[PDB]
Each structure stands twice: as C-alpha cells, then as structure tokens.
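Asks: First the structure, which I've put down as structure tokens, then a few questions once you've had a look.
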Amino acid sequence: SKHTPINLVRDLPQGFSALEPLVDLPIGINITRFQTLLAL
Amino acid sequence: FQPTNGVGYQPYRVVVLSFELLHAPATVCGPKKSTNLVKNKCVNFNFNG
Ligand SMILES: *[C@@H]1O[C@H](CO)[C@@H](O)[C@H](O)[C@H]1NC(C)=O
Ligand SMILES: *[C@@H]1O[C@H](CO)[C@@H](O)[C@H](O)[C@H]1NC(C)=O
C-alpha cells in the first residue's frame, strides 16, 4: 500500500510512487473472488 | 469419587496438543536461544535464518 496527496480527480495522478508492504498474513486459503465494501 | 482417589480411579486430565503439517501455513521454528552479538571479529552469523 501507499498514501499520497494528489490533485487530479477524474484521472489518476501523474508521477511515480512505490508501495511498501503492510501485511503478510499466512491465511493459507485460496481466493478466486473478491468484493469491495462501502459506507452510506 | 474422593479428593484423595488413588491411581486408576482418580480423575485424569489430558491435553492432546497435535502437531499438524499440511497445506496450512507451516510456522515452525527450532530450539534457537538468543546469544550475545559480537562485532569486529570474523564470526559465523545467522540473522533470521
Ligand atoms: C484452491 O482450490 C484448490 C483446487 O482447486 C483446492 O485444492 C484448495 O482447497 C483451494 N486452496 C485453499 C488454500 O483452500
Ligand atoms: C453521505 O455522503 C454521501 C453523498 O452521496 C452519501 O453516502 C449520502 O448521500 C450522504 N448522506 C448520508 C449517508 O446520510
């Protein structure tokens, strides 16, 4: 993951930024589908 | 039963902690006890494996 302040909205920001590792859980399961969550 | 039951009749607590090795993650270590760190000398080092 990485966090960075940007200015563009409808388009992804211009520039380069590496992402650092944050979590390395050994879940030891296999995943074939995913979904996001939202707050209303 | 009695609080001073003899062997073979008194309650027997058992724990069956089981060692398992499968597709589940294998977080297995060894009997490595920490030792002092020396410097400025030719030594055999083992940092995290
Ligand atoms: C992924 O699916 C495979 C074979 O299709 C199955 O063997 C396995 O149970 C799944 N992997 C995990 C870590 O659950
Ligand atoms: C909260 O902000 C956004 C605006 O669309 C949305 O979740 C909702 O319409 C707003 N009002 C709520 C959650 O009560």
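Here, A, B, ... name the chains of the structure tokens in the order displayed, residue numbers run from 1 inside each chain, and ligands are numbered from 1 in the same displayed order.
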Please list as number ranges by chain every residue within 12 Å of residue 3 (chain A), counting only C-alpha atoms and excluding residues in the same chain fewer than 3 positions away.

Replies: A: 6, 17-20, 22

Asks: Could those selected residues go to a file with N, CA, C and O atoms, as a PDB file, in the first residue's frame?

Replies:
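Result went into again16.pdb, see below:
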```
ATOM      1  N   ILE A   6      -2.829  14.061  -3.867  1.00  0.00           N
ATOM      2  CA  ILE A   6      -2.974  14.231  -5.303  1.00  0.00           C
ATOM      3  C   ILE A   6      -3.850  15.452  -5.570  1.00  0.00           C
ATOM      4  O   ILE A   6      -4.352  16.095  -4.649  1.00  0.00           O
ATOM      5  N   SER A  17       5.436   6.375  -7.587  1.00  0.00           N
ATOM      6  CA  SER A  17       5.437   6.177  -6.140  1.00  0.00           C
ATOM      7  C   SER A  17       5.391   4.686  -5.860  1.00  0.00           C
ATOM      8  O   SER A  17       4.428   4.015  -6.243  1.00  0.00           O
ATOM      9  N   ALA A  18       6.423   4.170  -5.201  1.00  0.00           N
ATOM     10  CA  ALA A  18       6.443   2.770  -4.821  1.00  0.00           C
ATOM     11  C   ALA A  18       5.511   2.527  -3.638  1.00  0.00           C
ATOM     12  O   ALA A  18       5.207   3.430  -2.854  1.00  0.00           O
ATOM     13  N   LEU A  19       5.055   1.284  -3.518  1.00  0.00           N
ATOM     14  CA  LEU A  19       4.174   0.864  -2.438  1.00  0.00           C
ATOM     15  C   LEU A  19       4.938  -0.049  -1.492  1.00  0.00           C
ATOM     16  O   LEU A  19       5.635  -0.966  -1.937  1.00  0.00           O
ATOM     17  N   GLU A  20       4.797   0.202  -0.178  1.00  0.00           N
ATOM     18  CA  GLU A  20       5.514  -0.659   0.749  1.00  0.00           C
ATOM     19  C   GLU A  20       4.614  -1.788   1.238  1.00  0.00           C
ATOM     20  O   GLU A  20       3.390  -1.631   1.293  1.00  0.00           O
ATOM     21  N   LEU A  22       2.644  -4.006   3.880  1.00  0.00           N
ATOM     22  CA  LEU A  22       1.999  -3.663   5.139  1.00  0.00           C
ATOM     23  C   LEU A  22       1.568  -4.880   5.935  1.00  0.00           C
ATOM     24  O   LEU A  22       1.642  -4.863   7.166  1.00  0.00           O
TER      25      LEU A  22
END
```

Asks: Residues of chain B were defined as contacting chain A if any atom lay at most 7 Å from it, counting only C-alpha atoms; please report them as a PyMOL selection string.

Replies: chain B and resi 23-25

Asks: Mind writing the picked residues with N, CA and C atoms as a CSV table (one decimal), in the first residue's frame?

Replies:
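Final output, out.csv:
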```
chain,number,residue,atom,x,y,z
B,23,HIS,N,-1.2,-28.2,3.9
B,23,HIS,CA,-1.3,-27.0,3.1
B,23,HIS,C,-1.4,-25.8,3.9
B,24,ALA,N,-1.9,-25.9,5.2
B,24,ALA,CA,-2.0,-24.8,6.1
B,24,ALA,C,-0.6,-24.3,6.3
B,25,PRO,N,-0.4,-23.0,6.7
B,25,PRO,CA,0.9,-22.4,6.8
B,25,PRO,C,1.7,-23.2,7.8
```

Asks: Counting only C-alpha atoms and all ligand atoms, what are the residues, protein, DNA or RNA alike, that approach ligand 2 to within 9 Å? I want them as a list in words.

Replies: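 If we count only C-alpha atoms and all ligand atoms, the neighbours of ligand 2 turn out to be residues 38, 39 and 40 of chain A.
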
Asks: Just to be explicit: take each residue in the selection above, keep N, CA, C and O atoms, and write the result as a PDB file, in the first residue's frame.

Replies:
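Result written to part.pdb:
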```pdb
ATOM      1  N   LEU A  38     -18.608  -0.474   1.142  1.00  0.00           N
ATOM      2  CA  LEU A  38     -18.867   0.955   1.075  1.00  0.00           C
ATOM      3  C   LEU A  38     -19.667   1.386   2.294  1.00  0.00           C
ATOM      4  O   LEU A  38     -20.348   0.582   2.936  1.00  0.00           O
ATOM      5  N   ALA A  39     -19.571   2.674   2.606  1.00  0.00           N
ATOM      6  CA  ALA A  39     -20.304   3.286   3.705  1.00  0.00           C
ATOM      7  C   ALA A  39     -21.300   4.289   3.143  1.00  0.00           C
ATOM      8  O   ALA A  39     -20.917   5.201   2.402  1.00  0.00           O
ATOM      9  N   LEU A  40     -22.570   4.121   3.498  1.00  0.00           N
ATOM     10  CA  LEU A  40     -23.621   5.019   3.037  1.00  0.00           C
ATOM     11  C   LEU A  40     -24.172   5.830   4.203  1.00  0.00           C
ATOM     12  O   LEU A  40     -23.435   6.555   4.871  1.00  0.00           O
TER      13      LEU A  40
END
```

Asks: Just give me the gap between CA of residue 28 (chain B) and CA of residue 14 (chain B) in Å, one decimal is fine.

Replies: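 Computing the Euclidean distance for CA of residue 28 (chain B) and CA of residue 14 (chain B) yields 24.0 Å.
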
Asks: Counting only C-alpha atoms and all ligand atoms, figure out which residue out of B:29, B:43, B:22, B:38 gets nearest to ligand 1.

Replies: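 For ligand 1, the nearest of the given residues is B:22.
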
Asks: How many Å lie between CA of residue 46 (chain B) and CA of residue 21 (chain A), rounded to one decimal?

Replies: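 Answer for the CA of residue 46 (chain B) to CA of residue 21 (chain A) separation: 24.0 Å.
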
Asks: Please list as a list in words every residue within 12 Å of residue 14 (chain A), counting only C-alpha atoms and excluding residues in the same chain fewer than 5 positions away.

Replies: residues 4, 5, 6, 7, 8 and 9 of chain A

Asks: From the options A:2, A:31, A:11, A:36, which residue's atoms come nearest to ligand 1, counting only C-alpha atoms and all ligand atoms?

Replies: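 Of all the options, A:31 lies closest to ligand 1.
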
Asks: As a list in words, please: the residues near residue 1 (chain B) (cut-off 9 Å, only C-alpha atoms, same-chain neighbours under 3 positions excluded).

Replies: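 Counting only the stated atoms, we get residues 4, 5, 9, 10 and 11 of chain B.
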
Asks: Just write the chosen residues, N, CA and C atoms, as an mmCIF file, in the first residue's frame.

Replies:
```cif
data_model
loop_
_atom_site.group_PDB
_atom_site.id
_atom_site.type_symbol
_atom_site.label_atom_id
_atom_site.label_comp_id
_atom_site.auth_asym_id
_atom_site.auth_seq_id
_atom_site.Cartn_x
_atom_site.Cartn_y
_atom_site.Cartn_z
ATOM 1 N N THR B 4 -8.938 -37.798 47.504
ATOM 2 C CA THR B 4 -7.660 -38.495 47.573
ATOM 3 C C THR B 4 -7.731 -39.835 46.849
ATOM 4 N N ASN B 5 -8.410 -39.865 45.705
ATOM 5 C CA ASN B 5 -8.529 -41.102 44.946
ATOM 6 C C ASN B 5 -7.158 -41.575 44.481
ATOM 7 N N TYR B 9 -8.357 -44.544 39.469
ATOM 8 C CA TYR B 9 -9.738 -44.178 39.757
ATOM 9 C C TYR B 9 -9.882 -42.664 39.837
ATOM 10 N N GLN B 10 -8.811 -41.980 40.230
ATOM 11 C CA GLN B 10 -8.846 -40.536 40.338
ATOM 12 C C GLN B 10 -8.984 -39.904 38.955
ATOM 13 N N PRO B 11 -9.515 -38.684 38.883
ATOM 14 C CA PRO B 11 -9.643 -38.016 37.584
ATOM 15 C C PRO B 11 -8.293 -37.839 36.905
#
```
